[PDB]
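Residue numbers 1 to 144, in PDB author numbering, belong to the letters of the sequence shown in order. Quick reminder that beta carbons are idealized off the backbone N, C-alpha and C, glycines included.
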Amino acid sequence: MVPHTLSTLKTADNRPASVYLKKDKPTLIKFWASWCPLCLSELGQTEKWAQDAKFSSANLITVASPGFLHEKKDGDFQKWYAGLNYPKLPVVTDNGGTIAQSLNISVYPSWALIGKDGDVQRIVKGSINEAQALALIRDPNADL
(Lines of atoms letter the chains of each structure in order from A and count residues from 1; the text may use other names and numbers.)
(Lines give C-alpha, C1' and ligand atoms only; values in the text may rest on other atoms or scores of the structure.)
Protein backbone atom coordinates (compact mmCIF):
# COMPACT_ATOMS: atom_id res chain seq x y z
CA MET A 1 0.00 0.00 0.00
CA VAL A 2 2.12 2.84 -1.34
CA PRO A 3 1.78 6.19 0.43
CA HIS A 4 0.76 7.69 -2.89
CA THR A 5 -2.39 5.60 -2.90
CA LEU A 6 -3.22 6.10 0.76
CA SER A 7 -2.72 9.83 0.36
CA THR A 8 -4.75 9.63 -2.83
CA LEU A 9 -7.74 8.47 -0.82
CA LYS A 10 -10.52 10.97 -0.24
CA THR A 11 -12.65 11.82 2.77
CA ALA A 12 -16.39 12.32 3.05
CA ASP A 13 -15.52 15.97 2.56
CA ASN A 14 -14.18 15.19 -0.90
CA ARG A 15 -10.85 16.14 0.63
CA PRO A 16 -7.45 14.55 -0.07
CA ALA A 17 -6.33 12.09 2.58
CA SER A 18 -2.89 13.50 1.87
CA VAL A 19 -3.74 16.55 3.94
CA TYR A 20 -3.82 14.03 6.76
CA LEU A 21 -0.39 12.68 5.88
CA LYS A 22 2.85 14.63 6.01
CA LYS A 23 5.41 16.20 8.32
CA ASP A 24 7.01 12.78 8.50
CA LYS A 25 4.55 12.22 11.32
CA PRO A 26 2.78 9.00 12.34
CA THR A 27 -0.75 8.24 11.19
CA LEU A 28 -3.50 6.24 12.85
CA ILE A 29 -6.53 4.84 11.07
CA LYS A 30 -9.78 3.71 12.65
CA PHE A 31 -12.35 1.64 10.79
CA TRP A 32 -16.01 2.06 11.67
CA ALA A 33 -19.40 1.13 10.26
CA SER A 34 -22.70 2.96 10.00
CA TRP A 35 -24.60 -0.18 10.92
CA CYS A 36 -22.33 -0.11 13.95
CA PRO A 37 -23.89 1.93 16.77
CA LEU A 38 -21.03 1.60 19.22
CA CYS A 39 -18.92 3.03 16.43
CA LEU A 40 -21.33 5.86 15.72
CA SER A 41 -21.26 6.70 19.41
CA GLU A 42 -17.49 6.36 19.24
CA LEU A 43 -17.34 8.97 16.50
CA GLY A 44 -18.03 11.68 19.04
CA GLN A 45 -15.27 10.29 21.23
CA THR A 46 -13.06 9.85 18.18
CA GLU A 47 -13.79 13.40 17.07
CA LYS A 48 -12.68 14.83 20.39
CA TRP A 49 -9.84 12.33 20.60
CA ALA A 50 -8.64 13.83 17.34
CA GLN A 51 -8.61 17.14 19.17
CA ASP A 52 -6.56 15.78 22.05
CA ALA A 53 -3.05 17.18 22.19
CA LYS A 54 -1.75 13.73 23.06
CA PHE A 55 -3.41 12.51 19.89
CA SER A 56 -2.52 15.64 17.95
CA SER A 57 1.08 14.46 18.04
CA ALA A 58 -0.02 11.82 15.55
CA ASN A 59 -2.56 11.91 12.75
CA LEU A 60 -5.93 10.44 13.63
CA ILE A 61 -8.45 9.54 10.95
CA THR A 62 -11.17 7.00 10.27
CA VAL A 63 -11.72 4.70 7.32
CA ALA A 64 -14.96 3.35 5.89
CA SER A 65 -15.64 0.78 3.20
CA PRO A 66 -18.73 1.48 1.09
CA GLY A 67 -20.60 -1.56 -0.17
CA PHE A 68 -18.05 -3.54 1.81
CA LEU A 69 -18.87 -5.50 4.95
CA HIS A 70 -22.57 -4.90 4.40
CA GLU A 71 -21.68 -1.26 4.94
CA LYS A 72 -23.70 1.44 3.22
CA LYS A 73 -22.69 2.06 -0.37
CA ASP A 74 -20.58 5.01 -1.46
CA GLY A 75 -22.39 8.32 -1.84
CA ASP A 76 -25.30 7.07 0.23
CA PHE A 77 -23.01 6.70 3.22
CA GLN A 78 -21.18 10.00 3.00
CA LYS A 79 -24.60 11.60 2.73
CA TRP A 80 -25.84 9.67 5.74
CA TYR A 81 -22.78 10.53 7.79
CA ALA A 82 -22.87 14.01 6.29
CA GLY A 83 -25.78 14.48 8.66
CA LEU A 84 -23.87 13.04 11.59
CA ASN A 85 -21.05 14.24 13.81
CA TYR A 86 -19.47 17.60 13.10
CA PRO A 87 -17.29 18.93 10.26
CA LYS A 88 -14.28 18.46 12.51
CA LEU A 89 -13.99 14.69 12.40
CA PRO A 90 -11.67 12.88 9.97
CA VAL A 91 -13.50 10.42 7.75
CA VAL A 92 -11.93 8.44 4.94
CA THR A 93 -13.90 6.37 2.45
CA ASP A 94 -12.17 3.67 0.44
CA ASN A 95 -14.29 2.03 -2.23
CA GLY A 96 -13.96 -1.68 -1.52
CA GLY A 97 -11.52 -0.84 1.25
CA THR A 98 -8.21 -1.68 -0.40
CA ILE A 99 -6.47 -1.06 2.91
CA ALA A 100 -9.11 -3.02 4.78
CA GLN A 101 -8.89 -5.81 2.23
CA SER A 102 -5.12 -5.53 1.95
CA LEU A 103 -4.81 -6.07 5.68
CA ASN A 104 -7.59 -8.63 5.43
CA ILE A 105 -9.52 -6.81 8.13
CA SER A 106 -13.17 -6.81 7.13
CA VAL A 107 -13.88 -6.34 10.82
CA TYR A 108 -14.85 -3.26 12.79
CA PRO A 109 -14.05 -1.45 14.71
CA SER A 110 -10.35 -1.62 13.90
CA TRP A 111 -7.23 0.48 14.33
CA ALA A 112 -4.26 0.66 11.99
CA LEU A 113 -0.87 2.27 12.50
CA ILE A 114 1.06 3.78 9.62
CA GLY A 115 4.75 4.48 10.11
CA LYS A 116 6.00 8.03 9.71
CA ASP A 117 6.99 6.87 6.25
CA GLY A 118 3.36 6.19 5.39
CA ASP A 119 3.52 2.41 5.49
CA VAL A 120 1.75 -0.22 7.55
CA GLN A 121 3.50 -0.25 10.91
CA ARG A 122 1.12 -2.07 13.22
CA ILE A 123 -2.42 -3.38 12.94
CA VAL A 124 -4.87 -3.55 15.82
CA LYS A 125 -8.06 -5.58 15.94
CA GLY A 126 -10.86 -4.38 18.19
CA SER A 127 -11.20 -1.16 20.16
CA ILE A 128 -8.92 0.87 22.40
CA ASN A 129 -9.24 3.51 25.09
CA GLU A 130 -7.83 7.01 25.32
CA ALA A 131 -5.19 5.64 27.66
CA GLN A 132 -4.17 2.97 25.18
CA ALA A 133 -3.69 5.68 22.58
CA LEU A 134 -1.22 7.34 24.92
CA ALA A 135 0.67 4.09 25.34
CA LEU A 136 0.50 3.79 21.57
CA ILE A 137 2.00 7.22 21.02
CA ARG A 138 4.42 6.39 23.80
CA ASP A 139 5.47 3.00 22.49
CA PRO A 140 3.96 0.33 20.24
CA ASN A 141 5.62 -2.33 22.35
CA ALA A 142 3.22 -1.33 25.09
CA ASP A 143 1.03 -4.36 25.72
CA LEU A 144 -0.56 -5.96 28.76
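Which of helix, strand or coil DSSP assigns to residue i
i: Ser110; result: strand
i: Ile99; result: helix
i: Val63; result: strand
i: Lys10; result: strand
i: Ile128; result: coil
Delimiting residues of the alpha helix (DSSP H) encompassing residue i
i: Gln121; result: It is not in any alpha helix (DSSP H) - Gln121 instead sits in the beta strand (DSSP E) that spans 120 to 125.
i: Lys48; result: 37 to 49
i: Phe77; result: 76 to 82
i: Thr5; result: 3 to 6
i: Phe31; result: Run containing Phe31: none in the alpha helix (DSSP H); it sits in the beta strand (DSSP E), 27 to 31.
i: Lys54; result: 53 to 56
Within-8 Å CB hit, residue i to chain B
i: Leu38; result: Among the chains of the structure shown, chain B does not appear; only one protein chain is present.
For residue j and residue i, the rounded distance between their alpha carbons
i: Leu40; j: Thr27; result: 21 Å
i: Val2; j: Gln132; result: 27 Å
i: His4; j: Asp94; result: 14 Å
i: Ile105; j: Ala64; result: 12 Å
i: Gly115; j: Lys22; result: 11 Å
i: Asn141; j: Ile123; result: 12 Å
i: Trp35; j: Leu144; result: 30 Å
i: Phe68; j: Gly97; result: 7 Å
i: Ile128; j: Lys30; result: 10 Å
CB-CB length for residue i against residue j, believed under 8 Å
i: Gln121; j: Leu113; result: 4 Å
i: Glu47; j: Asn14; result: Not quite, the Cβ-Cβ distance comes to about 19 Å (not below 8 Å), so this is no contact.
i: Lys54; j: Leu134; result: 6 Å
Segment limits, beta strand (DSSP E) that includes residue i
i: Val92; result: 91 to 93
Outcome for residue i when other beta-carbon atoms lying within 10 angstroms are tallied against a minimum of 16
i: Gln51; result: exposed
i: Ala82; result: exposed
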